[PDB]
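Below is one structure, written out as structure tokens, with a few remarks after it.
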Amino acid sequence: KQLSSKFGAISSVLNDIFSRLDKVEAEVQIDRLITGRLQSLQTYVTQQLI
Amino acid sequence: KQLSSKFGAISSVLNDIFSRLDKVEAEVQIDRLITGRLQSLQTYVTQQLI
Amino acid sequence: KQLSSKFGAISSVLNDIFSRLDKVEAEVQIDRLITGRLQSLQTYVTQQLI
Amino acid sequence: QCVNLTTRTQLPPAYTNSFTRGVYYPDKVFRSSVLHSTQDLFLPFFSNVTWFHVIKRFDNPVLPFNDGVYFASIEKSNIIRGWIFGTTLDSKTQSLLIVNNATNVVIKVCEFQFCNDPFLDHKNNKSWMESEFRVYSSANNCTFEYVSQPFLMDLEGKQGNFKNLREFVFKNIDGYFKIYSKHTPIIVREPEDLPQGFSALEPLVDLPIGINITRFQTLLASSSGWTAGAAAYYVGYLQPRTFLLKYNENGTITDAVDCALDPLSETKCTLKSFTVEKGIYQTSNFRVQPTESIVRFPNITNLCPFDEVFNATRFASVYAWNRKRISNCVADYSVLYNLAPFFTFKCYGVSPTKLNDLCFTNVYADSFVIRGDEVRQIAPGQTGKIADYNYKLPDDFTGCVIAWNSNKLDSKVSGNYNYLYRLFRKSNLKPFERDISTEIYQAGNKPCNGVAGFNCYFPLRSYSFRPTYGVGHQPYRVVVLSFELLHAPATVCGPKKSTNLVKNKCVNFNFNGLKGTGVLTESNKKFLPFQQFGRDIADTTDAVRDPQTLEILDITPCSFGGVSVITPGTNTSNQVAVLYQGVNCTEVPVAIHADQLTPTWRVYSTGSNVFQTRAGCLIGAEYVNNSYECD
Amino acid sequence: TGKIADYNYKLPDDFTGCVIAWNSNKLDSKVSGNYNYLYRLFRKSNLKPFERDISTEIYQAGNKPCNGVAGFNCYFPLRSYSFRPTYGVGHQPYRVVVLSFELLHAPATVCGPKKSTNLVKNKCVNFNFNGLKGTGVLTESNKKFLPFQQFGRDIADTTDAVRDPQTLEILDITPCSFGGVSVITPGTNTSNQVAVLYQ
Amino acid sequence: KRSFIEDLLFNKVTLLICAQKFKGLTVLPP
Ligand SMILES: *[C@@H]1O[C@H](CO)[C@@H](O[C@@H]2O[C@H](CO)[C@@H](O)[C@H](O)[C@H]2NC(C)=O)[C@H](O)[C@H]1NC(C)=O
Ligand SMILES: *[C@@H]1O[C@H](CO)[C@@H](O[C@@H]2O[C@H](CO)[C@@H](O)[C@H](O)[C@H]2NC(C)=O)[C@H](O)[C@H]1NC(C)=O
Ligand SMILES: *[C@@H]1O[C@H](CO)[C@@H](O[C@@H]2O[C@H](CO)[C@@H](O)[C@H](O)[C@H]2NC(C)=O)[C@H](O)[C@H]1NC(C)=O
Ligand SMILES: *[C@@H]1O[C@H](CO)[C@@H](O[C@@H]2O[C@H](CO)[C@@H](O)[C@H](O)[C@H]2NC(C)=O)[C@H](O)[C@H]1NC(C)=O
Ligand SMILES: *[C@@H]1O[C@H](CO)[C@@H](O)[C@H](O)[C@H]1NC(C)=O
Ligand SMILES: *[C@@H]1O[C@H](CO)[C@@H](O)[C@H](O)[C@H]1NC(C)=O
Ligand SMILES: *[C@@H]1O[C@H](CO)[C@@H](O)[C@H](O)[C@H]1NC(C)=O
Ligand SMILES: *[C@@H]1O[C@H](CO)[C@@H](O)[C@H](O)[C@H]1NC(C)=O
Ligand SMILES: *[C@@H]1O[C@H](CO)[C@@H](O)[C@H](O)[C@H]1NC(C)=O
Ligand SMILES: *[C@@H]1O[C@H](CO)[C@@H](O)[C@H](O)[C@H]1NC(C)=O
Ligand SMILES: *[C@@H]1O[C@H](CO)[C@@H](O)[C@H](O)[C@H]1NC(C)=O
Ligand SMILES: *[C@@H]1O[C@H](CO)[C@@H](O)[C@H](O)[C@H]1NC(C)=O
């Protein structure tokens, strides 16, 4: 359920942000999204270790 | 004591940013600050679990 | 091996950022790099604790 | 005006260490019962300040001023009055004057001509007169004036029992001038050389001279024949340091500890406390520092033909944009920066201000002329007619674009029909490609070649230019510079001069922009003719080829290592030992030098007996034979 | 970078202010040319920010010492402008003003026309002391401030003591009451009654 | 001063990357 959040970006859906934004600066937003997803996965893995 | 650090923003006081800047770039700096504080809180939680 | 990732910046080497950009713009790139490296080091510390 | 005095047998100034004087509040904020770490210009603890004694006796020479000074006078009868600040004192440079003799404090900034002996002392016969107050011979143009209230003064002239101690610290920064002051009474001591104790300093005033200061002179108060009383002052110099300051519940500074004096002070600073229990602690990290700097650029002295490109007689149309190559020359972008209006100069991958410091491998200039309404379409990843069917830049383009107005040249009153552009294209074109084929647009469902008609269109259209057109439609000339960085041996770049080459020493090398620090040695590997830089597992360059001479150099970082402090409890003795983690013990004697090591303290390296363990060498402890229980 | 910045008037990289420039070709431009505005052109080194120089010593370029008056390799360090209305745009005189200031570390000296109001104590209000927007309750304080101090900070570097601009006493700021809420309940089937605990 | 089984135990367990550990990574001794 956590992957539905926007993480402060324009929109949670990945493909729509490419068309509505110029490619010069959409990389920042998609990198923010990828960092948020990586953080969530790392938290889950640590809990599983415990 | 962690929340006295700027985390790369312009100031550690949250009300100063809003009262000195408009609504179009202050969000970037408050975003930096909120990410830093969130990371610190998560680290504290993990230490408590251990 | 993990410090060879660009993390979203223009280049993974720190000296080229300062010698190819003005300070104001270079702030964001070095901020991204430093946040990524801090995150990786924290992950290593947690695994060592376990 | 003053009269020549001379007849002085100067004696070298005295020296005396200052115990704990010279600490001031760094900010106008109230804090209660908390330890705070600050970093600013301070007076190092236990530093040897210069002592001047004036009684017959006349000692007040000019003294250097740099990074602020600390001036402390132990005086009774108000002998010292004011100060003079300047750099030449020759009526050609602005000079300060701070005089608080009897009435008020007068602060003047003016092009004074300070005479040979600035003073207010020598008057008939042995009692002071407020004559020669015009120590300045002339005042041409004075630019700042400020008057305020005076300080605590005294009457008559005495000799002995010098109660009053006045401490001042002066510091100039970013044009501003700042003074902090403190007054201490009832300081009587049979010995000289300052009292022992602690006392903070409050901020007094601030003032914006915004001038250059490098030396200063003291002022004190007929010309031949005068007897003066006892007087003593002390001068010390500031420098950047980090301190740990302790406040109390009443809000006053009570104690402070330095963080660069001794290893014990270092561990006190890193523990954020004033007491440390017995044990081994880990402290600041050892690290050696660079002596000299070197650069290395290719030996080329020709010049690039930027003038021909930017002053070309004719520019080709958009659908046939002209491309030129620049290589094997020295490119100076200063002429591009200033000459001609150049209403738009915008770069993407590199800041233009630094464009004179990099090195490229291939530079391509693409020139054309467009309409004024489409100049915004040159940006990468854009839309519109001109950015789609005539000329498109890649998304990751790394270069610059320069557009300027040329209404005088291209526009013609009769009409300029010479400029053409594609209007109809079957599909979007790939970046950095050109189209010239003239085929009629068969945009219909019929096999039409024809000449004109429905669904049978000539794709090309002619720009029309005339001076009557308003702003936004007059022709604009556009030149785009493209290059790739650091991926090949350099061929064209700026004019920075080279220097000699250093081997087996820690220097700040610079090989075609690779700023870094380390020691360079001769390697024993073979490069390919198309390779210049060698990488490693961490993707940090470690093998380079010198441009001027074809030699292979290998880079390794400076020497470093951890540092630990062995100490018994602060309740017990304060003697400590130092351990250099994981290093042979013959390197640290070599490291012994000032301005070379990150830890400023170096008395311990040439200290007590050194004993090598398997984890470095311990300095400061003797090795006994008999064994005990581990502590 | 350039001549005017590096030789006449340079701003610090951390400048906190404003700049206003306009075109005044209607006044300073002269029909025969204006030569009453001077500017430096020669100097021996870059100057630190907000630095002023007036000396007009003789500039020496070559290794041969220069003295007397201007000559070969011995130039005058000043030059003049040339203003007539027939120059193209970009050469007529431009009048420039720069406003510089520092923010909120000392007693206030100048600000807008916002009206004052009466004071309230021992009540949760939205105070505003010279731009210090916040919330809390203000009480009488007994701590002693030095005359040059205005604000008091805690271990978290946030303000908790202030000095009223109009009357010169000291006010202590403490935050509002807050806490958690818990609900005690039996099973849903048994009943719908609950209890509330304020932690 | 080692026995016979301890010799085999030592030899059966093994402990240039340390050169490329310049990036502030060390190993303290027991
Ligand atoms: C530019 O000047 C340098 C400086 O002398 C020349 O470098 C020399 O190159 C030769 C040939 O490889 C070497 O044997 C010398 O030892 C180099 N000199 C130094 C001081 O290292 C370089 O050759 C010159 N460029 C050209 C094109 O001649
Ligand atoms: C390069 O030219 C070829 C030949 O004209 C183009 O290939 C045609 O592309 C259109 C586009 O839909 C197709 O309808 C044709 O069937 C293709 N013909 C052939 C023979 O392949 C090609 O598109 C051109 N390249 C670009 C980037 O436009
Ligand atoms: C302030 O004045 C001093 C001297 O009055 C200047 O010091 C000069 O420093 C340069 C270093 O590049 C030397 O070459 C000169 O010889 C020094 N001057 C003299 C008279 O010896 C200093 O540069 C000045 N500060 C500024 C910002 O210009
Ligand atoms: C205007 O502001 C001044 C500045 O504080 C006020 O002066 C204070 O007056 C009170 C009452 O007499 C004194 O207790 C304070 O000591 C005064 N301030 C200082 C710094 O001495 C003045 O009263 C104000 N006047 C009005 C009409 O609001
Ligand atoms: C004092 O003597 C010096 C050198 O002897 C001279 O340059 C100066 O003009 C003299 N001052 C006066 C006031 O005569
Ligand atoms: C530095 O202080 C010591 C301590 O008294 C003194 O002996 C020494 O002479 C001083 N330095 C100089 C250059 O005089
Ligand atoms: C000071 O007094 C002496 C002795 O009376 C005299 O020679 C000298 O001229 C006096 N100085 C002045 C400036 O009057
Ligand atoms: C172009 O020519 C003009 C006059 O001929 C000259 O002032 C200008 O500097 C030239 N531009 C370049 C880049 O050389
Ligand atoms: C410190 O030493 C004194 C005497 O040497 C002793 O009375 C005191 O108890 C000691 N304090 C601690 C904390 O060890
Ligand atoms: C230092 O190196 C020398 C020569 O290799 C060696 O004899 C000595 O034992 C070494 N000492 C330490 C402490 O590493
Ligand atoms: C320790 O023993 C060695 C070997 O007998 C001897 O050379 C050395 O002097 C002794 N040191 C002390 C402090 O007794
Ligand atoms: C209703 O909830 C109670 C819990 O208090 C449970 O004992 C009972 O079995 C439940 N009845 C149902 C689920 O029908």
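Going by the structure tokens order, chains are called A, B, ..., each with residues numbered from 1, while ligands are numbered from 1 in the order shown.
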Nearby residues (only C-alpha atoms) at most 7 Å from range 224-232 of chain D, same-chain spacing under 5 positions excluded, as a ChimeraX atom specification: /D:52-56,73-75,122,125-126,157-159
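Taking only C-alpha atoms and all ligand atoms into account, ligand 4 has within 8 Å the residues residues 165, 166, 167 and 168 of chain E.
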Produce a table with one row for each residue of chain B that has an atom at most 12 Å from any atom of chain A, each row naming the nearest atom pair and its distance in Å at one decimal; use only C-alpha atoms; arrange rows by chain and rising residue number; format as a Markdown table.
| residue | atom | partner | partner_atom | distance |
| --- | --- | --- | --- | --- |
| B:27 | CA | A:8 | CA | 10.0 |
| B:28 | CA | A:8 | CA | 10.2 |
| B:30 | CA | A:8 | CA | 11.5 |
| B:31 | CA | A:8 | CA | 8.4 |
| B:32 | CA | A:8 | CA | 11.3 |
| B:34 | CA | A:8 | CA | 11.1 |
| B:35 | CA | A:7 | CA | 10.4 |
| B:38 | CA | A:39 | CA | 11.5 |
| B:39 | CA | A:39 | CA | 9.9 |
| B:42 | CA | A:43 | CA | 9.1 |
| B:43 | CA | A:43 | CA | 10.5 |
| B:45 | CA | A:43 | CA | 11.0 |
| B:46 | CA | A:46 | CA | 8.7 |
| B:47 | CA | A:46 | CA | 11.6 |
| B:48 | CA | A:50 | CA | 12.0 |
| B:49 | CA | A:50 | CA | 8.3 |
| B:50 | CA | A:50 | CA | 8.1 |
Requested write-out: N, CA and C atoms of the selected residues, as a short mmCIF file (atom, residue, chain, number, x, y, z; two decimals), in the first residue's frame:
data_model
loop_
_atom_site.label_atom_id
_atom_site.label_comp_id
_atom_site.auth_asym_id
_atom_site.auth_seq_id
_atom_site.Cartn_x
_atom_site.Cartn_y
_atom_site.Cartn_z
N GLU B 27 9.23 25.81 -0.54
CA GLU B 27 8.89 24.41 -0.38
C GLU B 27 10.10 23.51 -0.54
N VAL B 28 11.06 23.90 -1.39
CA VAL B 28 12.26 23.08 -1.58
C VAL B 28 13.05 22.98 -0.28
N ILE B 30 12.01 23.66 2.87
CA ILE B 30 11.28 22.95 3.91
C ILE B 30 11.24 21.46 3.61
N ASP B 31 11.30 21.08 2.33
CA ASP B 31 11.39 19.67 1.97
C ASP B 31 12.70 19.06 2.43
N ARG B 32 13.81 19.77 2.22
CA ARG B 32 15.10 19.29 2.72
C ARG B 32 15.04 19.09 4.23
N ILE B 34 12.43 18.62 6.23
CA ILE B 34 11.53 17.55 6.65
C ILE B 34 12.15 16.18 6.36
N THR B 35 12.87 16.04 5.24
CA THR B 35 13.54 14.78 4.97
C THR B 35 14.60 14.48 6.02
N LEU B 38 12.88 13.42 9.29
CA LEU B 38 12.31 12.09 9.16
C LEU B 38 13.39 11.01 9.27
N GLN B 39 14.53 11.22 8.60
CA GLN B 39 15.61 10.24 8.67
C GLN B 39 16.11 10.08 10.10
N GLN B 42 13.62 7.99 12.12
CA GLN B 42 13.68 6.57 11.77
C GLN B 42 14.90 5.90 12.39
N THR B 43 16.05 6.58 12.38
CA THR B 43 17.24 6.01 13.01
C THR B 43 17.01 5.78 14.50
N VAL B 45 14.18 5.15 15.99
CA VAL B 45 13.29 4.01 16.16
C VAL B 45 14.05 2.70 16.01
N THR B 46 14.92 2.60 15.00
CA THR B 46 15.67 1.37 14.80
C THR B 46 16.57 1.07 16.00
N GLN B 47 17.25 2.09 16.53
CA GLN B 47 18.09 1.88 17.70
C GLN B 47 17.27 1.37 18.88
N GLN B 48 16.08 1.94 19.08
CA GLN B 48 15.22 1.48 20.17
C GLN B 48 14.83 0.01 19.98
N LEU B 49 14.54 -0.40 18.74
CA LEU B 49 14.21 -1.80 18.49
C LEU B 49 15.36 -2.72 18.90
N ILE B 50 16.59 -2.36 18.52
CA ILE B 50 17.74 -3.20 18.86
C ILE B 50 17.88 -3.33 20.37
#
Please identify the residues whose atoms come within 9 Å of ligand 1, using only C-alpha atoms and all ligand atoms, and report them as a CSV table (one decimal) with N, CA, C and O atoms, in the first residue's frame.
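As written to disk, part_35.csv reads:
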chain,number,residue,atom,x,y,z
D,298,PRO,N,48.6,21.5,-22.4
D,298,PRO,CA,49.4,21.2,-23.6
D,298,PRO,C,50.1,22.4,-24.2
D,298,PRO,O,49.7,23.6,-23.9
D,299,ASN,N,51.2,22.2,-24.9
D,299,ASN,CA,52.1,23.2,-25.4
D,299,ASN,C,51.5,23.6,-26.8
D,299,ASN,O,52.0,23.1,-27.8
D,300,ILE,N,50.5,24.5,-26.8
D,300,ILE,CA,49.9,25.1,-28.0
D,300,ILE,C,49.8,26.6,-27.8
D,300,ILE,O,49.4,27.0,-26.7
D,498,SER,N,51.6,26.7,-18.0
D,498,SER,CA,52.1,25.5,-17.3
D,498,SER,C,53.1,25.9,-16.3
D,498,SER,O,53.5,27.1,-16.1
D,499,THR,N,53.7,24.9,-15.7
D,499,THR,CA,54.8,25.0,-14.7
D,499,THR,C,55.6,23.7,-14.7
D,499,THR,O,55.5,22.9,-15.6
D,500,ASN,N,56.5,23.6,-13.8
D,500,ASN,CA,57.4,22.5,-13.7
D,500,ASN,C,56.7,21.2,-13.1
D,500,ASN,O,55.5,21.3,-12.8
D,501,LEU,N,57.4,20.1,-13.0
D,501,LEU,CA,56.8,18.9,-12.6
D,501,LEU,C,57.5,18.4,-11.3
D,501,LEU,O,58.8,18.5,-11.2
D,547,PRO,N,50.5,15.8,-20.4
D,547,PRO,CA,50.3,16.2,-21.8
D,547,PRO,C,51.6,16.7,-22.5
D,547,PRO,O,51.7,16.3,-23.7
D,548,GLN,N,52.4,17.4,-21.8
D,548,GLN,CA,53.6,18.0,-22.5
D,548,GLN,C,54.6,16.9,-22.8
D,548,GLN,O,55.1,16.8,-23.9
D,549,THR,N,54.9,16.1,-21.8
D,549,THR,CA,55.8,14.9,-22.0
D,549,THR,C,55.1,13.6,-21.8
D,549,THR,O,54.2,13.5,-20.9
D,550,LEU,N,55.3,12.7,-22.7
D,550,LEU,CA,54.6,11.4,-22.8
D,550,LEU,C,55.1,10.5,-21.7
D,550,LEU,O,55.9,9.6,-21.9
D,551,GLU,N,54.7,10.7,-20.4
D,551,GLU,CA,55.1,9.9,-19.3
D,551,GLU,C,53.8,9.5,-18.5
D,551,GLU,O,52.8,10.2,-18.5
Per-residue nearest contacts of chain D to ligand 5 (7 Å; only C-alpha atoms and all ligand atoms) as CSV:
residue,atom,partner,partner_atom_place_in_ligand_line,distance
D:2,CA,ligand 5,13 (C),6.1
D:3,CA,ligand 5,13 (C),5.1
D:4,CA,ligand 5,1 (C),4.7
D:116,CA,ligand 5,1 (C),6.6
Give as a PyMOL selection string every residue of chain C that touches chain D within 9 Å, counting only C-alpha atoms. chain C and resi 1-4+10+12-13+15-16+19-22
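Using only C-alpha atoms and all ligand atoms, residues with at least one atom at most 12 Å away from any atom of ligand 6 are residues 12, 13, 14, 15, 16, 17, 18, 19, 45, 46, 47, 48, 49, 50, 51, 193 and 236 of chain D.
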Put those residues in a file: C-alpha atoms, as a PDB file, in the first residue's frame.
ATOM      1  CA  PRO D  12      63.659  45.568  21.847  1.00  0.00           C
ATOM      2  CA  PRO D  13      60.109  45.008  23.098  1.00  0.00           C
ATOM      3  CA  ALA D  14      59.365  42.730  26.016  1.00  0.00           C
ATOM      4  CA  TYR D  15      57.525  39.414  25.757  1.00  0.00           C
ATOM      5  CA  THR D  16      55.029  37.785  28.106  1.00  0.00           C
ATOM      6  CA  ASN D  17      52.565  34.922  27.790  1.00  0.00           C
ATOM      7  CA  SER D  18      48.859  35.695  28.190  1.00  0.00           C
ATOM      8  CA  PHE D  19      47.095  33.122  30.338  1.00  0.00           C
ATOM      9  CA  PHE D  45      45.656  30.449  24.913  1.00  0.00           C
ATOM     10  CA  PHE D  46      49.149  30.809  26.397  1.00  0.00           C
ATOM     11  CA  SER D  47      50.432  32.910  23.494  1.00  0.00           C
ATOM     12  CA  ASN D  48      53.343  35.322  23.933  1.00  0.00           C
ATOM     13  CA  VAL D  49      52.094  38.897  23.570  1.00  0.00           C
ATOM     14  CA  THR D  50      54.368  41.910  23.164  1.00  0.00           C
ATOM     15  CA  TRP D  51      54.882  44.130  26.218  1.00  0.00           C
ATOM     16  CA  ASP D 193      52.745  40.545  33.311  1.00  0.00           C
ATOM     17  CA  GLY D 236      48.483  40.396  20.813  1.00  0.00           C
TER      18      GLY D 236
END
Determine, counting only C-alpha atoms, which protein, DNA and RNA residues have an atom within 12 Å of an atom of residue 21 in chain F; residues of the same chain fewer than 3 positions away are not included. Present the result as a ChimeraX atom specification. /C:1 /D:537-538,556-557 /F:16-18,24-27
C:6, C:41, C:36, C:29 ranked by distance to chain F, top pick (using only C-alpha atoms):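 Comparing C:6, C:41, C:36, C:29 against chain F, the winner is C:41.
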Between CA of residue 119 in chain D and atom 7 (O, counted along the ligand's line) of ligand 7 - distance in Å to one decimal: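 Computed distance, atom 7 (O, counted along the ligand's line) of ligand 7 to CA of residue 119 in chain D, equals 20.0 Å.
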Identify every residue of chain E that has at least one atom within 8 Å of any atom of chain D, counting only C-alpha atoms, and report the result as a ChimeraX atom specification. /E:1,48-56,90,105-106,143-145,148-155
Could you write out the selected residues, including C-alpha atoms, as a short mmCIF file (atom, residue, chain, number, x, y, z; two decimals), in the first residue's frame?
data_model
loop_
_atom_site.label_atom_id
_atom_site.label_comp_id
_atom_site.auth_asym_id
_atom_site.auth_seq_id
_atom_site.Cartn_x
_atom_site.Cartn_y
_atom_site.Cartn_z
CA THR E 1 33.66 39.08 -13.13
CA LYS E 48 37.73 42.70 -1.09
CA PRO E 49 33.96 43.31 -1.02
CA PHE E 50 32.65 46.79 -0.18
CA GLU E 51 36.08 48.41 -0.54
CA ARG E 52 36.72 51.99 -1.70
CA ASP E 53 39.88 53.51 -3.17
CA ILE E 54 40.56 57.14 -4.10
CA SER E 55 44.35 57.25 -4.57
CA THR E 56 45.47 58.19 -8.08
CA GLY E 90 23.21 49.90 -24.09
CA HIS E 105 19.63 39.72 15.18
CA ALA E 106 19.37 43.11 16.91
CA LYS E 143 15.89 36.38 33.82
CA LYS E 144 18.23 39.35 33.40
CA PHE E 145 19.10 40.53 29.89
CA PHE E 148 22.35 44.75 23.85
CA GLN E 149 20.49 41.40 23.92
CA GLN E 150 16.94 40.88 22.69
CA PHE E 151 16.28 37.17 22.12
CA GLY E 152 16.77 34.10 24.28
CA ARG E 153 17.43 30.60 22.92
CA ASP E 154 17.22 27.10 24.38
CA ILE E 155 19.22 23.95 23.63
#
Could you give me, as a ChimeraX atom specification, every polymer residue with an atom at most 9 Å away from an atom of ligand 11, counting only C-alpha atoms and all ligand atoms? /D:622-626
